[PDB]
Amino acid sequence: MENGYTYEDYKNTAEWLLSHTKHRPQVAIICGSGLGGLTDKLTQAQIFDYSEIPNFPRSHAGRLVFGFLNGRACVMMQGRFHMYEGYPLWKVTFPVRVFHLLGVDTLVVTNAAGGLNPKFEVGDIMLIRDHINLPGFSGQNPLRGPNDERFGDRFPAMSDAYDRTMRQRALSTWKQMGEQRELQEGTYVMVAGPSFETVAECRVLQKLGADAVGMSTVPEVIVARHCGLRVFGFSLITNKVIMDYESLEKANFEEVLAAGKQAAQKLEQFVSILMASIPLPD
């Protein structure tokens, strides 16, 4: 196997963008679950369809939106590419690399996830302190292939992927919104989906020590870290994954969208305020 892309391609995508916009973003945001709205908190918002950008994986609704969120230069991904849609991981995470070359130095990723930790409840937000990359164990790692040392090393470390500074500086930000539910922290486990877990699979993931399970994010994290970006991320718990054979309930997408729009308020503000904890550059 190898990456369909050459260093020149990432480069060429960045230069194209660097000449179709004035924005010089510092922060990449990859939204999942009702952070769709974030668009309207941006100002000086310039949209580009994925379809117009040279080299961009080809989905539908997908766009890059540059602008300012709370005095920070951002680029947000609206719509993303998942492994379960059949993309190889080197297309899943193509954008992260285009970001690094745009000059971005931080990544914020968010997602929906089922809660495996029994404490959690629908609506909780969980900070990601760590991950378990199950597709990665088997070979599905976005860095598989020849390494380009213009991005990073052959063997990067992931023990420190999720910036400790950003995690404290996001706990602070939660107090100063006065919330009833407390901010959660924990391990996100990636699995490839697209079907949902059995009870027995749920039990497996709880025994491994995961707190939430989704079908994204980790690969973009690994590529971010390979590149030198600072990473911060979190999960909206949209459902408590089913764990006994008694329950007549079932995980479904209505539940996930339902919950997404429910936290739409909470989140856009939460992320928007977090912008101020991101140190400027120079």
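Quick note: we count residues from 1 along the sequence shown, nothing fancier.
The segment from residue 59 to residue 60 is interrupted, since 4 to 9 residues of the deposited sequence in that interval carry no coordinates.
Averaged over Cα atoms, the B-factor as recorded in the entry is higher for 118-126 than for the other of 196-204 and 118-126. Relative to its counterpart among 21-29 and 258-266, 258-266 has the higher mean temperature factor, C-alpha atoms as listed in the PDB entry. The PDB entry assigns its highest CA temperature factor, among 180, 138, 93, 110, to 180.
Per the PDB record, residue ranking by Cα B-factor puts residue 51 in the middle third of the chain. Ranked by C-alpha B-factor against the other modelled residues of its chain, residue 245 falls in the highest third.
The deposited CA B-factor of residue 232 belongs to the lowest third of values across its chain.
In the PDB entry, residue 39 places in the highest third of its chain by CA B-factor. Ranked within its chain, residue 76 lands in the middle third, by CA B factor from the PDB record.
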